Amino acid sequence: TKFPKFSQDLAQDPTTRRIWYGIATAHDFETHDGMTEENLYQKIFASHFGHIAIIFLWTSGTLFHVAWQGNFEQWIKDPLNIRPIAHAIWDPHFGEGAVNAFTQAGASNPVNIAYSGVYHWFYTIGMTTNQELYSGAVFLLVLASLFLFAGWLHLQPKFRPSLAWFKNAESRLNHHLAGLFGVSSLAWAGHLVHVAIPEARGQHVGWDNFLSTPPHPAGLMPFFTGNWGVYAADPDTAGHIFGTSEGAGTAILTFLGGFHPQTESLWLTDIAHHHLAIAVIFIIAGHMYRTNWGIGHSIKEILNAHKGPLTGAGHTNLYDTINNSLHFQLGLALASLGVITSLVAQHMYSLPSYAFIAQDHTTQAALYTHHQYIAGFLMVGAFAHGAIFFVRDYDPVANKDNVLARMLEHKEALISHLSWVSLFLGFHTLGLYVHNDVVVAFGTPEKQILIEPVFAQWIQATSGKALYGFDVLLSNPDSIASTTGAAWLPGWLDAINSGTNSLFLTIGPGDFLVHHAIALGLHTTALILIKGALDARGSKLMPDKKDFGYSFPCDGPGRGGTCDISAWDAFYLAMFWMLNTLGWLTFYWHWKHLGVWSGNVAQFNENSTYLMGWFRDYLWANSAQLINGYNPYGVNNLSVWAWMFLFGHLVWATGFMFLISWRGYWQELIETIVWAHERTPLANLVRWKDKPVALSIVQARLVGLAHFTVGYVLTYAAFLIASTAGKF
């Protein structure tokens, strides 16, 4: 069979364009030859199994490599002074100067220092040795196999689920909430009280004896009665030493609040109590919708009920709109997953749950930067598939006059306003920055415009941070909120008022401007993506755009010119802005924490209000150790990052080629090369099986953006790690 098998249109393409476009369309199952709706879902369902197995096979990889080539057993003896190892290094191109550099972390051979923070995670959950790790790698190896066989099984005729089975939203929700979320949470609470909490108190519990040692002196007697107070009997003391019995208690379910004083992380007894409480409220949550017993709701029925005088038809037929369109479903999922992924980033740097991780500055920097980038991708994609929905699945008849339709009905008002807010932020936020630069540059920094984050400062005050002295709610000992009373509060108030962690960092003028620069970035990225979706079906410049689909090169140079006019081109443009937003964002987090970790917060506080300060103090100054990874004198452990740094700058700039110079130049240049080949003697016997052509108009946009993105993260990643690993 001629590749691609799924598109006869592409298979006939006599040019090289066949190969590329075959790869770019392999996963758009909807556009395949003779694809039905039932066979679509069944193919997605099987594909999902194969994806899960790749995940478990990846974690097994880290678990196995830590156990095999890592110093995990030595690291748990002194997690504050030993560097955790990622994996071994096997490179025949290494020279003497290089082998001596990467021989580090006490290892006798060349290794890499791990920055994923998995050491801290494994340790905290009760991993003690390289035998539990390895045993963990194998279990996730057979679990993966479990799913790879399942996907194979459900493609067999006897097991193929019906289309009615995939469209059953009621039953999928009841199970995902009560089972996948609830029981899973209840099962982690079980692990925490059985393994993590005990093994943190020196008492080993594992597959050997767990079935014959209770996690508490009492044994489920207070539970089935109503005296749950006993499980919060004797907490771990302030002087508890993690890993040993010195200061350990007996409580399993506490609500202490704040951090463990040694490990500077949340109390396992709080973490345990958390997943227990959440489990319950998730199980009852999975009883909402109707199944085979009359009780429950129809989402359809309750959705159709919410209509009011100002929104016309309300939410009528929205059940079917969603349940019929996967791009709609995929959009909500990506949008939501992308927000909480940000929430993960924001909560894991300010409220660590892993012992001794708040001391590992590099991992804390990587893990935050990492998850924000992931979050940024998810948000673009959410809007991307949002636009695709309007192009391929939206039905104006069933959706007539409801809230979805009315978005389009006043799409002008939305886009123009979103455009104003962006212009509003952009003109002024840049305005103050450039005022300050000039003002400072003329030796008069006292003339700067420095606005106090009163609103954000006031927010901290309401949670008990008395530094600003607003005296409100929790920073008010007389308030009703402080006398509520007690429970978590003493631990929490101590946590928030020690300027020793990253819990509600003190904020000033520097923080005021960056947040507004960030707001510019969220509005503009949303301006692009939302416009790309609302105008996906048509504009005055192209009223029949929907007939052309989501992605297409353009509509010729007629009617003024129509370059980058498709919804796909709105995603492509938006990507540049999301990267930009993350840049400002991650720049902010890093430069501010560098000050924290140095006890020198005065640097960011006093120089972040003008942009030369960012350029001078953050970018130029912290590149010092990075760019010296290698030089005419020697080579140190930062050699890679130095080399990767350039590699990043290179890829980035190679992207400008595919982005600035467009096709026609290259199609002509190729023809001369094709001429040269056919005219060169001896080299004529070799005839290509595929006619060489220049990349397509869309292809070059995509490729150019891919370089730009790979260059963007690899460059910064090499800077974040090296600068923080060097300076600590």
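Numbers follow the displayed sequence, beginning with 1.
Taking the PDB entry as given, 204 to 212 carries the higher mean Cα B factor of the two stretches 204 to 212 and 404 to 412. According to the PDB record, 22 to 30 carries the higher mean C-alpha B-factor of the two stretches 22 to 30 and 696 to 704. Per the PDB record, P235 has a higher Cα B-factor than any other of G648, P235, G558, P543. Sorting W591, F615, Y368, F72 by the CA temperature factor given in the entry leaves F72 at the top. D395 sits in the middle third of its chain by CA B factor, as recorded in the PDB entry. Remark: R663 belongs to the lowest third of its chain, ranked by C-alpha B-factor as recorded. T724 sits in the middle third of its chain by CA B factor, as recorded in the PDB entry. In the deposited entry, the Cα temperature factor of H347 places it in the lowest third of its chain's modelled residues. Residue-level temperature factors show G258 in the middle third of its chain, judged at the C-alpha atom.
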